[PDB]
């Protein structure tokens, strides 16, 4: 049931105007750029990289609508819809279903130290809202205890973004019928090696070509290319994040003529020249 979840899913940036309003036309331009230029397999919206905590409830609903409309069914869509507002999350779940999202995800309840029982109840509540597949976020206790969340109605698997590749291996061993979307960009080839087939990541927003190169080399059994292309990709990631990640991704999109707008406060707003030069540097070095 998971072929549509194979490949690269950029964690989409959410365009804001300079004065911090949701930039609706920009959302459409980003979706078109991801689908048409980056040639991605799917889009992961309103996650951390989408600045989701800086979005109003109305903004979230609007992004979900704009993305579904611009996509027009071309690629797989997953919406991250979690927050501490459980009623809003349920409403966004229903909206995702209505808009024909392929799946939803929800972050672990954040800020406070929520118990396992509270986390389990949270996912249970969201599950009763709409019959749409859910990816839970990986929560570092036991492999077995994590399985209790994976068994929740409508949960098809997890978005796995931890650096612990042993925990990842143990999950792949224990739950071969669950879907693990691998969310640590710098370890793409290591994820492939242990059976990941779908990848969500911020860095795929502007370098799906470089990431796809790793996947293609891996599938072709070119061991040395897998290594080389990984070192290059990870050079890129570290260069990219020498300035704010979302500001950099957005600036690179703008450099390519995409109306991707700006980050919202309290993210740092860079001087014009500084961030443009950063985007130029990254594009020249990695993105041709």
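Residue numbers count along the first chain shown, from 1.
Going from residue 140 to residue 141, the model skips 4 to 9 deposited residues, which lack coordinates. The question of which stretch, 270-278 or 8-16, has the higher mean Cα B factor is settled in favour of 270-278.
Mean C-alpha B-factor is higher over 222-230 than over the other stretch, the pair under comparison being 222-230 and 244-252. Within the listed group 165, 92, 78, 107, the record reports its top CA B-factor for 165. Residue-level inspection of the entry shows that, of 186, 98, 118, 169, 98 has the top Cα B-factor.
Among the modelled residues of the chain, residue 201 sits in the lowest third by CA temperature factor in this PDB entry.
Among the modelled residues of the chain, residue 26 sits in the middle third by CA temperature factor in this PDB entry. The PDB entry assigns residue 235 a C-alpha temperature factor belonging to the lowest third of its chain's modelled residues. Remark: residue 259 belongs to the highest third of its chain, ranked by C-alpha B-factor as recorded. The entry lists a Cα temperature factor for residue 133 that places it in the middle third of the chain's modelled residues.
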